[PDB]
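File shown here: model.cif, holding mmCIF, N, CA and C atoms.
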```cif
data_data
loop_
_atom_site.group_PDB
_atom_site.id
_atom_site.type_symbol
_atom_site.label_atom_id
_atom_site.label_comp_id
_atom_site.auth_asym_id
_atom_site.auth_seq_id
_atom_site.Cartn_x
_atom_site.Cartn_y
_atom_site.Cartn_z
ATOM 1 N N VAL H 1 -0.174 0.365 8.640
ATOM 2 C CA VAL H 1 -0.538 1.619 9.291
ATOM 3 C C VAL H 1 -1.570 2.363 8.458
ATOM 4 N N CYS H 2 -1.397 2.286 7.154
ATOM 5 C CA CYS H 2 -2.299 2.930 6.212
ATOM 6 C C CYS H 2 -3.554 2.089 6.056
ATOM 7 N N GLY H 3 -3.424 0.812 6.415
ATOM 8 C CA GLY H 3 -4.534 -0.118 6.323
ATOM 9 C C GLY H 3 -4.984 -0.313 4.893
ATOM 10 N N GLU H 4 -4.067 -0.064 3.975
ATOM 11 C CA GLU H 4 -4.340 -0.187 2.560
ATOM 12 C C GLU H 4 -3.470 -1.270 1.939
ATOM 13 N N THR H 5 -3.963 -1.881 0.877
ATOM 14 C CA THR H 5 -3.216 -2.905 0.172
ATOM 15 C C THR H 5 -2.820 -2.399 -1.200
ATOM 16 N N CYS H 6 -1.638 -2.759 -1.637
ATOM 17 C CA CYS H 6 -1.173 -2.351 -2.952
ATOM 18 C C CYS H 6 -0.918 -3.560 -3.819
ATOM 19 N N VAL H 7 -1.837 -4.509 -3.732
ATOM 20 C CA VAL H 7 -1.766 -5.751 -4.497
ATOM 21 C C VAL H 7 -1.652 -5.446 -5.991
ATOM 22 N N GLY H 8 -2.093 -4.252 -6.377
ATOM 23 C CA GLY H 8 -2.011 -3.843 -7.764
ATOM 24 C C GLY H 8 -0.882 -2.858 -7.984
ATOM 25 N N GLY H 9 0.112 -2.919 -7.104
ATOM 26 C CA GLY H 9 1.259 -2.033 -7.181
ATOM 27 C C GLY H 9 0.864 -0.574 -7.111
ATOM 28 N N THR H 10 -0.138 -0.262 -6.297
ATOM 29 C CA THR H 10 -0.605 1.112 -6.177
ATOM 30 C C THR H 10 -1.183 1.410 -4.799
ATOM 31 N N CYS H 11 -0.885 2.603 -4.299
ATOM 32 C CA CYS H 11 -1.378 3.051 -3.005
ATOM 33 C C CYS H 11 -2.026 4.419 -3.134
ATOM 34 N N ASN H 12 -3.181 4.564 -2.514
ATOM 35 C CA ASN H 12 -3.922 5.814 -2.528
ATOM 36 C C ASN H 12 -3.367 6.747 -1.468
ATOM 37 N N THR H 13 -2.996 6.177 -0.324
ATOM 38 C CA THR H 13 -2.431 6.958 0.763
ATOM 39 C C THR H 13 -1.063 7.510 0.343
ATOM 40 N N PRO H 14 -0.937 8.846 0.230
ATOM 41 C CA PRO H 14 0.308 9.499 -0.211
ATOM 42 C C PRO H 14 1.495 9.237 0.702
ATOM 43 N N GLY H 15 1.282 9.343 2.003
ATOM 44 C CA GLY H 15 2.358 9.107 2.945
ATOM 45 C C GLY H 15 2.558 7.637 3.221
ATOM 46 N N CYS H 16 2.438 6.831 2.182
ATOM 47 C CA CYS H 16 2.585 5.391 2.318
ATOM 48 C C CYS H 16 3.276 4.779 1.112
ATOM 49 N N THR H 17 4.276 3.951 1.382
ATOM 50 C CA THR H 17 4.998 3.263 0.332
ATOM 51 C C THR H 17 4.291 1.929 0.063
ATOM 52 N N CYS H 18 4.997 0.922 -0.423
ATOM 53 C CA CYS H 18 4.350 -0.349 -0.696
ATOM 54 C C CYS H 18 5.310 -1.530 -0.649
ATOM 55 N N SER H 19 4.901 -2.571 0.070
ATOM 56 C CA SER H 19 5.675 -3.802 0.153
ATOM 57 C C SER H 19 5.175 -4.718 -0.960
ATOM 58 N N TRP H 20 3.858 -4.907 -0.949
ATOM 59 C CA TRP H 20 3.131 -5.666 -1.960
ATOM 60 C C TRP H 20 1.641 -5.703 -1.627
ATOM 61 N N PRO H 21 1.193 -6.411 -0.575
ATOM 62 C CA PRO H 21 -0.214 -6.474 -0.274
ATOM 63 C C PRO H 21 -0.593 -5.491 0.799
ATOM 64 N N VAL H 22 0.324 -4.596 1.115
ATOM 65 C CA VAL H 22 0.092 -3.611 2.150
ATOM 66 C C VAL H 22 0.896 -2.344 1.917
ATOM 67 N N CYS H 23 0.215 -1.224 1.994
ATOM 68 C CA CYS H 23 0.854 0.066 1.843
ATOM 69 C C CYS H 23 1.493 0.446 3.170
ATOM 70 N N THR H 24 2.814 0.504 3.191
ATOM 71 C CA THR H 24 3.544 0.820 4.408
ATOM 72 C C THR H 24 3.463 2.308 4.733
#
```
What is this structure when it is put down as structure tokens?
Amino acid sequence: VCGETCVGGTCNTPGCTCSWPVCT
């Protein structure tokens, strides 16, 4: 939904958690 990846264990989108390669 955030269209972001957290492959580095990090998400820029605040209202988004992280599975691994995608910020939920």
_I need the output of the PyMOL selection byres ((chain H and resi 24) around 7) for this file as a ChimeraX atom specification; which residues are they?_
/H:1-2,4,15-20,22-23
Return as AutoDock Vina command-line options the box centre and box size in Å, one decimal, for an axis-aligned box around all listed atoms of region 2-10 of chain H padded by 8 Å per side.
```
--center_x -1.9 --center_y -1.4 --center_z -0.4 --size_x 22.2 --size_y 24.7 --size_z 31.1
```
*Let me know the residues the PyMOL selection byres ((chain H and resi 8) around 8) catches in the file above, as a list in words.*
residues 5, 6, 7, 9, 10, 11, 20, 21 and 22 of chain H
